[PDB]
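Residue numbers (the UniProt record's numbering), protein chains in the order written: chain D, 2 to 119; chain H, 4 to 182; chain V, 4 to 90; chain G, 2 to 25; chain C, 1 to 71.
Data first, discussion second: the structure below is written as structure tokens.
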Amino acid sequence: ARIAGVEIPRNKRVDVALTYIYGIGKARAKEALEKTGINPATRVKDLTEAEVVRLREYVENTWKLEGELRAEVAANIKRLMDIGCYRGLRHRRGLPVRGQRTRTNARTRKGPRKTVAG
Amino acid sequence: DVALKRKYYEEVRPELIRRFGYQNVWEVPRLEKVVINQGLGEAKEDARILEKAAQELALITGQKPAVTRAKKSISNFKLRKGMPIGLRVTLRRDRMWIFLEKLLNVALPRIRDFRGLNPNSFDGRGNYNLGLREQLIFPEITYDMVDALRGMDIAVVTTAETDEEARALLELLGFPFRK
Amino acid sequence: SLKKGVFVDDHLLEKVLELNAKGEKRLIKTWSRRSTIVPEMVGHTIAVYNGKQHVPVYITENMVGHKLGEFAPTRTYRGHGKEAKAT
Amino acid sequence: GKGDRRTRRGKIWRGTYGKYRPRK
Amino acid sequence: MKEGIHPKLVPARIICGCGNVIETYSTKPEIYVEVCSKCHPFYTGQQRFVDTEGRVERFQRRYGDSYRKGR
RNA sequence: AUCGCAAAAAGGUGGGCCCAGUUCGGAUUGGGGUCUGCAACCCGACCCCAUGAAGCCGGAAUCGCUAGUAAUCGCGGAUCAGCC
RNA sequence: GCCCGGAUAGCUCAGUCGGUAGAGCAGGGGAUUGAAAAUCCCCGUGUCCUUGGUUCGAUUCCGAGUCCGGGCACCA
RNA sequence: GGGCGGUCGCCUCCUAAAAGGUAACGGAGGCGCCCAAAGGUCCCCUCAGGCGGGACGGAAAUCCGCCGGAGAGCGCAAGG
Ligand SMILES: [Mg+2]
Ligand SMILES: [Mg+2]
Ligand SMILES: [Mg+2]
Ligand SMILES: [Mg+2]
Ligand SMILES: [Mg+2]
Ligand SMILES: [Mg+2]
């Protein structure tokens, strides 16, 4: 049961294995199947072997290719520092950039308990 | 056999007349050889040599590249003698145009950068390394042997002297301009 | 989450746009960033209280719908360390 | 879950319903 | 020649995206789409991303005249 | 006090997500659309979207709990526009 | 050179009588004790001598010795 | 002067006076080996560097073109 994307979640429900394809999520794997007529409680393995291959072109029409928008994750950070703004070194110093507290909670983009001397 | 040879013969040979050239028969610029190299990518992909880039490279152009040796053991980059690391190939024939017409038409799209490459990469005596980045995503290979980014390096060597006489050829053959 | 009404402060809406009448020097002193930067004039330098002090901003034609609210240097964070923990 | 972006009660804990899950 | 490791490069036909592809040399017949994608003086092959696809109610002139009220 | 607040929650006689670091699970993310509001950024709820890093019950023995007591679940205020 | 017993983590060591394995330091913070010492707790370091073979294996058995010692000779 | 210290054999350069030799407790250094190929024959190629570039690349990895007549290399110190 080949998929529209690249990483195969090994023969699960059509709400599950079709979802975590890049470019697809809950509100795209939920509405992309009810238009085509597939019952969302069925398996990807128990799909029709023609529905294996003809549900692939519908995903690759509009949004930009897998890895390219993931490169736009790093490229939007580049274009926001068009003059080298302060938000650029808000990003490139390893911290959340919304404005969370960073002594306690929001320990994510910081390295977890990495560097202190005392 | 014939692959864009009409653009090779009547878009080059009379186009290099009335504005370029000394208009005799052989000093009109042409292609001698186009070398292609791997150069390990960044560093040694493995401790022991694996010889699979000859297999996917023999898939993309259908020929084996020679795995050549290394220089003196400077050992700052764990440099050593023997256990060859070269992966160089020239392969000048009509087989040159067999692959060069493929990558001539498939590599300018289907990889994402700024639109094209440098017109400042010309060198003396007209030998022009072009220097693509990776192309293991869409050289119509379908993700075969995805070990690393693992690019390659191309130099299309002309015949004539100046950068305006190789520049006379190459974007009339179909290269981009101003990056 | 921006809306159909792109608000600029009435203190600072058209008192930044004195350039478009005749054309003058490339600096004018506005205050706010919660108000939208003016889209009428482009290419010039707009003086602003940038969070720490009145230092200007200069656009280079990269803004289409981008918010100016990412322009606020006042936390001059030199680096990590200097804690003196367990207290 | 409460702290999720969209669940049943994730609209309740955060205040409003969703653009795919409306009131009625 | 050196018949051996060097394969025969068996013919296979590519799906003819932007005109006729350079013909049957390699056994890799599949592209994504659009062999050339343009005539290559790069005639603005845009797909209208995050930049000016939405040009209504922004990058426009609102809130009155050309701001004569300044001084 | 009915009229309407609100949806009371597992009530589902449900189809399934099949031992999975996995639709169990999850934040930081840059663009668009609605604001109650002078105004929401860096100080709107976070609304379908992008995307989902961490986690399989923890160590030297702690600490709220004696039968309607824990425990998820369910409701409103109070300065109150969101709500921090 | 015959014969005798062995080489385990900066340091040295718990071993098998073939189916096991490491604890201690210049180390950071840690229930502790009413915030004091560290009693006590996670923790930075196994070709178990080089190699061949009964063997389900080898972190352990056996054969040659390269690694170091005592006795025993022998050295024109 | 003896003792203390250093040395006792072989090789390289100078001292060493344009044949060879030639001393000092004169100066500068190596050796008690190693290669089944680091040997013989046959057949191909010419090095190290500098310049112009590259996709990573230290200014040295790998590739192309020009200049470069031996400044590289020839297992090991020095000489030819
Ligand atoms: Mg996943
Ligand atoms: Mg994990
Ligand atoms: Mg409330
Ligand atoms: Mg003499
Ligand atoms: Mg003489
Ligand atoms: Mg020889």
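The beta-carbon is built from N, C-alpha and C at its ideal position, and this holds for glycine as well.
If you follow the beta strand (DSSP E) that residue i is in, where does it begin and where does it stop?
i, result
"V38(H)", "36-40"
"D156(H)", "156-160"
So residue i and residue j are in contact, right, with Cβ under 8 angstroms, and what is the actual spacing, rounded?
i, j, result
"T39(V)", "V19(V)", "Not a contact, Cβ separation roughly 11 angstroms."
"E14(H)", "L175(H)", "7 angstroms"
"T77(V)", "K55(V)", "4 angstroms"
"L96(D)", "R110(D)", "5 angstroms"
"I144(H)", "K28(C)", "6 angstroms"
"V98(D)", "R88(D)", "7 angstroms"
"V159(H)", "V37(H)", "4 angstroms"
What's the call for residue i, buried or exposed, on a 16-neighbour Cβ count within 10 Å?
i, result
"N123(H)", "exposed"
"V41(V)", "buried"
"residue 78(C)", "Chain C is shown only over 1 to 71; residue 78(C) falls outside these bounds and no answer can be derived."
"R6(G)", "exposed"
"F80(H)", "exposed"
"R114(D)", "exposed"
"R22(G)", "exposed"
"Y131(H)", "buried"
"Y25(H)", "exposed"
"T63(D)", "exposed"
"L152(H)", "exposed"
"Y43(C)", "exposed"
"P112(H)", "buried"
"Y61(V)", "exposed"
"residue 186(H)", "Only positions 4 to 182 of chain H appear in the structure, and residue 186(H) is not among them; the question remains open."
"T105(D)", "exposed"
"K8(H)", "exposed"
Taking 7 angstroms as the limit between beta carbons, can you name the residues of its chain near residue i, skipping five residues before and five after?
i, result
"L60(H)", "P68"
"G72(V)", "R36"
"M86(H)", "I52"
"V53(D)", "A2, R3"
"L94(H)", "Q66"
"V33(C)", "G17"
"residue 1(D)", "This structure does not reach residue 1(D), given that chain D is present from 2 up to 119, and the question cannot be answered."
"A30(D)", "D16, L19, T20"
"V58(V)", "none"
"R13(C)", "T24, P29"
"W100(H)", "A6"
"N121(H)", "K182"
Tell me which same chain residues have a C-beta within less than 6 angstroms of the C-beta of residue i, skipping the five on either side of it?
i, result
"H47(V)", "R29"
"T64(H)", "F102"
"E168(H)", "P32"
"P11(C)", "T24"
"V92(H)", "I39, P68"
With which residues is residue i paired in a DSSP beta bridge?
i, result
"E3(C)", "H6(C)"
"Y12(H)", "Per DSSP, none; premise fails for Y12(H)."
"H57(V)", "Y52(V)"
"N132(H)", "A158(H)"
"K32(V)", "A50(V)"
"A69(H)", "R91(H)"
"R44(D)", "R14(D)"
Take residue i and list the residues in its own chain whose beta-carbon comes closer than 8 angstroms to its own, dropping the five residues that flank it on each side.
i, result
"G19(C)", "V35, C36"
"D147(H)", "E59, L62"
"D116(H)", "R136"
Please report the residue range of the alpha helix (DSSP H) in which residue i lies.
i, result
"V74(D)", "69-81"
"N108(H)", "98-109"
"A18(D)", "First-last for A18(D): undefined, no H or E at that position."
"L60(H)", "56-63"
"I13(G)", "11-15"
"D166(H)", "166-176"
"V54(D)", "52-55"
"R29(D)", "27-30"
"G89(D)", "89-92"
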